[PDB]
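Enquirer: Below is the sequence, then the experimental coordinates.
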There are 2 protein chains.
Amino acid sequence: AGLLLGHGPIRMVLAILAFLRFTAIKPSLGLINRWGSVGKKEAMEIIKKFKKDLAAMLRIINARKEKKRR
Amino acid sequence: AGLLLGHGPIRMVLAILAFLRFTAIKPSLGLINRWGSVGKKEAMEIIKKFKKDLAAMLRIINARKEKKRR
């Protein structure tokens, strides 16, 4: 259970990395050591889908306060 | 200490959200409840810088295995 042990696949590695990027100033060297172990092809896919989730995230944040329609 | 208590500002909220997006299938409702509390202006800024960090991340992953120069 990657979510439970905090050690998922390379996809979760980048997730934890971004976590430690916006929650911290210095990511843990364990993630950094496994960082270069991420297949850059998968990384390309991850980053693509990541930006897509962020784009949706942004959109929904806007819709959360609905840009004050009312 | 937002990093220690796992409760930083709205910037860290989105960070934890993305974490729970790529590490989990269902984010915790606490984050979801504070999600709409994120200033969508700040969100725009966060998401922008987030994609920038991801772009750099990708680039460095490529440079980690250096696309097999050698």
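Expert: Structure's in. What do you need? Numbers count the residues shown, from 1 in each chain, chains lettered A, B, ... in the order given.
Enquirer: Can you name the residues of chain A that neighbour chain B?
Expert: A:2-3, A:8, A:11-12, A:14-19, A:21-24, A:35-36, A:38, A:40, A:43-44, A:46-47, A:50-51, A:53-55, A:57-58, A:60-62, A:64-65, A:67 (Cβ under 8 Å from any Cβ of the partner chain). Quick note: C-beta positions are derived from backbone N, CA and C, even for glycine.
Enquirer: and the longest helix along chain A, which residues are buried?
Expert: When chain A is parsed with DSSP state H, its longest helix is helix A:40-64. Buried residues in helix A:40-64, defined by neighbour count with 16 or more other Cβ atoms under 10 Å in any protein chain shown: A:40, A:43, A:46, A:47, A:50, A:51, A:54, A:57, A:58, A:61.
Enquirer: Quick check: residue A:45 vs residue A:53, distance?
Expert: Using Cβ to Cβ, to the nearest Å, residue A:45 is found at 13 Å from residue A:53.
Enquirer: just residue A:47 next, same as before
Expert: Separation of residue A:47 from residue A:53 (Cβ to Cβ): 11 Å.
Enquirer: Could you do residue A:31 as well?
Expert: From residue A:31 over to residue A:53 the distance is 20 Å, taken as Cβ to Cβ.
Enquirer: who does the longest helix of chain A touch, helix- and strand-wise?
Expert: In terms of contacts (3 or more Cβ pairs under 8 Å, 6 or more residues apart in numbering or on different chains; DSSP states H and E), helix A:40-64 is packed against helix A:10-22, helix B:10-22, helix B:29-35, helix B:40-64.
Enquirer: Report the contact partners of the residue nearest to residue A:19 when sequence neighbours are not counted.
Expert: Closest residue in space to residue A:19, ignoring its immediate chain neighbours: residue B:19 at 4.3 Å, by Cβ to Cβ, 6 or more residues apart in numbering or on different chains. The contact partners of residue B:19, taken as Cβ atoms under 8 Å, 6 or more residues apart in numbering or on different chains, are A:15, A:16, A:18, A:19.
Enquirer: Flag every buried residue along stretch A:23-35.
Expert: A:23, A:27, A:31, A:35.
Enquirer: could I get that stretch in CSV with only the CA atoms?
Expert: Extracted C-alpha coordinates of stretch A:23-35, given in CSV (Å, rounded to 0.1, in the frame of the first residue of the first chain):
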residue,chain,number,x,y,z
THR,A,23,4.9,22.3,1.7
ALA,A,24,8.7,22.4,2.2
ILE,A,25,11.9,24.1,1.1
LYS,A,26,13.9,20.9,1.0
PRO,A,27,12.6,17.5,-0.1
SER,A,28,13.8,14.4,1.6
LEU,A,29,16.9,12.8,0.0
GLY,A,30,15.1,9.5,-0.3
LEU,A,31,12.7,11.0,-2.8
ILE,A,32,15.6,12.8,-4.5
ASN,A,33,17.5,9.5,-4.8
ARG,A,34,14.5,7.7,-6.4
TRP,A,35,13.7,10.9,-8.4
